[PDB]
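**Q** only geometry, no sequence info:
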Ligand SMILES: [Zn+2]
Ligand SMILES: [Zn+2]
């Protein structure tokens, strides 16, 4: 019985390095050799209480690739919860009697955690809970990073943009800081600075990080340039100055990048990456996105199948 | 060829006791021994012209469990009918040329009936037609009631809340009154009283029923306490006084319940059941909900498969 | 200096029988012998934060018929309290440095009392404050009963409709209770019952009052039938049933009425009075309205002019 | 006992804490002493409050009339009781309470709460100076 | 000083009343004695509570390390302090506090709050079981 069998995947902070590595391993193994009837006779819930394209479509796609069926909803507008005013708990109290695992994304922080408390012996996979966590993004992020960089340790990672509300970078920083000798550069408006709780964690783990105010300051040091979108829809009123992007990456800005460096972005992008970067040999966000398929296939196989796929 | 093969399931009033029993039997048989490729090569429409969570998700889930495929829509907003103004008939005149059975819920009473007149040799399963009927809820209600009570006859059933607009209790009262010696207690605001047509039916069948104005009056007599939500979205203006619940069941109110009695609720609940009832040994609504899977699997197998599942 | 010189006119409950009579007496003098310029050189505020036809128009007409100028607004929409959220306080604080008197209607109860707290030596005339008081409606009412029954003592007075939210009947009952041996008939839906405080005061003064469920029980023995409008914009959610007029007077209902009895209504009316009443000799609502001009001239004269009129 | 201050004796059990909250009495740097559930100068159970260097106008004491009519207030100076007064029903209660009427002008605006107090049968009634509605003292909550 | 029970000494000024409200302390028939604003050689100005024939839990006594850190809880039997406990910070606190994150899921749903407690430089950090954000205990309000 593999370590991840029947485990909720709520938060990076609840996962060992061994765990991440295990997903990545299981992953590539299935990209190598598809196993298309693995989750046959499984019905999974794709429960998106807020918009998604990449996260959802990749998940449902992965479920199919492994031979499972999908029931769900793509917004809460046409559920009992939207029109009839139902609790999340009640909502998770019934669906969990229907399906074999619940993939869900919710506008409030803590929603996936809450679901586990009502979901019974049904696992929950957190597809995004407010500005909190994004375990599955991180899993693909990792995969993409190994793919292009060779290792997950001893890297110079820069994260730029909305670091306060970006669940993507919360989960990713926690993940990377479970590996050896990584070093961070944070490029954010002061209002959307990486939260104190990630920092305090870096410090306890004795991990080098520093703030900067331009991309160039760090360009030539960077292995991974991870750009992020401003979470417009998660902002507080006193932050509306920060709606527009503060750092726009252009192709001209890539003059001094180390050759190995890839630009990542969990997507979607507004303008924080101009379309003229797409063509450079540093752009790797679409490739990154496509990696969501193997990360998620992996995760699903691991959680719903007792024994490791060979 | 089983009695229910290719039959529309529009209204309890169109079904014999033999029929109900047959669903329940077929049901448990499949909960006992899943038959996962039974409806292979079947495409079913999940056509929800108004919101659902339990009814829809359970149906599509059941379809998958039996190996069928599902096409559909979860609201009418993005069909031709919403944006282009199309009749239900026309809508049912095309889909019925696509799929092998139509599961549909509609805001207007009589919609499922109307669909049969345009659906051709394609069966329609009514998932809720306005404040009218809810055959499939009733099927699970029955199942749950047998599960927990041992029989379907000689019961003291109390129904509480919006009895006028609750399709749930319309179908359920008609169903139960096809069995021997059941007795009813109706607890409703005068404005949402159980309609005269159900009463006249009880009387012709010589079935004992009485009104009350509190739960306690009947608590100690009751085997099944069936709570219902006020159909806010089906009310008429002269009824807006009745939007809030009139009877709130709490755990303290369960002091004098017979030991066998279960609290049911088709769900979702607003406040007519406080969350502190969840923990008692009388709460059985989530269990009830989970029973939707076996009732609906049954119904589908029966209607789309000639010969009974062994 | 007459007893009302420079006095706030906020609640009937703060006025004496002599106060009322003073106003009526004055009213006559001015109606018989106008005084086009009695208030020359005066500028008055017409501040209406909620909608008004009769009360605002009659009032401004009074100001012109006495030679004063008007400034104001018929809608709190275009003020700095409407588009810039100024406190009603600040609003009064500045307006009271501009004008010699303020006439205000406001949606909150108590708005007028509060203004007196911020206007200094500038008097405030309540033109209706939410569901509380409507002093100058009581004065034209009183003038109208006076002119049609030739007295204010020993009358049989019925009040119909929404008495709970009816600022019109709150002031008029308190004023009639200041005279002798008037008897009251309150006819209204339970939810819109004439308020406890009004009843306690009647009781305290040992005045006969009684409830009734229809207009025909009292019709034979009433002198003034005073219909009102359901105050829909002031209703609570739990009251939304009552929106529709529950008592509808129509000409045939007046068959055994007294030769002298008049039907009154503050107006506007929804359906509570059928238009066939309009031509009967009992209809007096329009005359009533026209009387507002006199009561309001009167009131304005006394408050703004030191010496009693002739 | 204390040197100089006010002493509220003969408060019926379970009211002591209420009066301590409702009138924000512990909101002071002044030395206070409190006993909950004591045997009485009179009755069986009793609450008691002493506050140094602090005095109550006859009006402040009357305010007590709605929560502890039997209470006795002793004015203390030099360890001696120089004064002894008793709560009688007041005309009004300003500041302390909030009007239950949600549509009252008193909520949004910068004014203090204020009600008239009268005895009404086996109960006290409060009429808001502003909206003029009436409530039972039981329903009208404190700030 | 009393027959038997609990004395909580060295509570800081303005906290005493709070704890009364908080732990529904005043809701007994027991004798309670409370001094607010007592002089205190030890600290500076201090509050102090005594409940007779009544004792504190263990966590309740640690769920006290939040507001009254350097407080001392004396267990008293027959007029003699037979025990002297101190509040040490717990691992977590449940049910009692409320997450300052307005978008935390905890607000809407049938769930008790819950926070993780770790000592920081100047304060005490509280991490919510749900939204996973961390706050100063000063920031966190109670319910
Ligand atoms: Zn008020
Ligand atoms: Zn939280």
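**A** Cool, the structure landed. Numbering: from 1, shown residues only, chains lettered A, B, ... in the order given. Ligands and ions are numbered 1, 2, ... in the order given.
**Q** hang on, residue A:63 packs against residue A:40?
**A** No - at 11.2 Å, residue A:63 does not count as touching residue A:40 under the criterion of C-beta atoms under 8 Å. In short, each C-beta sits where N, CA and C put it, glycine included.
**Q** between these two, who's got more neighbours?
**A** Neighbour count, other C-beta atoms under 10 Å in any protein chain shown: between residue A:63 and residue A:40, residue A:63 has more, with 24 against 12.
**Q** That one falls within a helix, correct?
**A** Yes - according to DSSP: H, G, I helix; E, B strand; the rest coil, residue A:63 belongs to a helix.
**Q** residues in contact with it?
**A** By C-beta atoms under 8 Å, 6 or more residues apart in numbering or on different chains, residue A:63 lies in contact with A:39, A:42, A:44, A:46, A:69-70, A:300.
**Q** tell me the two of those residues that are most distant?
**A** A:39 and A:46 (13.6 Å; C-beta to C-beta).
**Q** Pick out whichever of these two has more residues nearby.
**A** For residue A:39 and residue A:46, the more surrounded residue by other C-beta under 10 Å is residue A:39, and the numbers stand at 25 against 22.
**Q** before we move on, which element is the residue of the stretch 151-300 of chain A found nearest ligand 2 in?
**A** Proximity to ligand 2, evaluated over the stretch 151-300 of chain A using C-beta to the ion, is greatest for residue A:197 at 11.9 Å. Using DSSP states H and E, residue A:197 falls within helix A:196-204.
**Q** which residue packs closest to the residue of the stretch 151-300 of chain A closest to ligand 2, ignoring adjacent ones?
**A** Leaving aside its sequence neighbours, residue A:197 sits nearest to residue E:134 (C-beta to C-beta, 6 or more residues apart in numbering or on different chains; 4.2 Å).
**Q** Help me confirm that the one you found comes into contact with residue E:123.
**A** No - the pair residue E:134 / residue E:123 is not scored as a contact, 10.7 Å apart, by C-beta under 8 Å.
**Q** partners of the helix or strand harbouring residue D:51, with directions?
**A** Element membership for residue D:51, per DSSP H and E: strand D:46-52. Note on strand D:46-52: by DSSP bridges, its sheet partners are strand D:5-11 (antiparallel), strand D:32-38 (antiparallel).
**Q** The first one: how far from the chain's middle?
**A** Taking the mean of its C-alpha atoms, strand D:5-11 sits 11 Å from the chain's own mean (C-alpha atoms, centre = their mean, to the nearest Å).
**Q** just to revisit the earlier point, C-terminal to the strand holding residue D:51, what's the next element?
**A** Heading C-terminal from strand D:46-52, the first helix or strand you meet, by DSSP H and E, is helix D:58-62.
**Q** Give the next helix or strand downstream of that following helix.
**A** Following helix D:58-62 toward the C-terminus (DSSP H and E): strand D:72-77.
**Q** Can you give me the buried ones in that next one?
**A** Using 16 or more other C-beta atoms under 10 Å in any protein chain shown as the test for burial, strand D:72-77 gives D:72-76.
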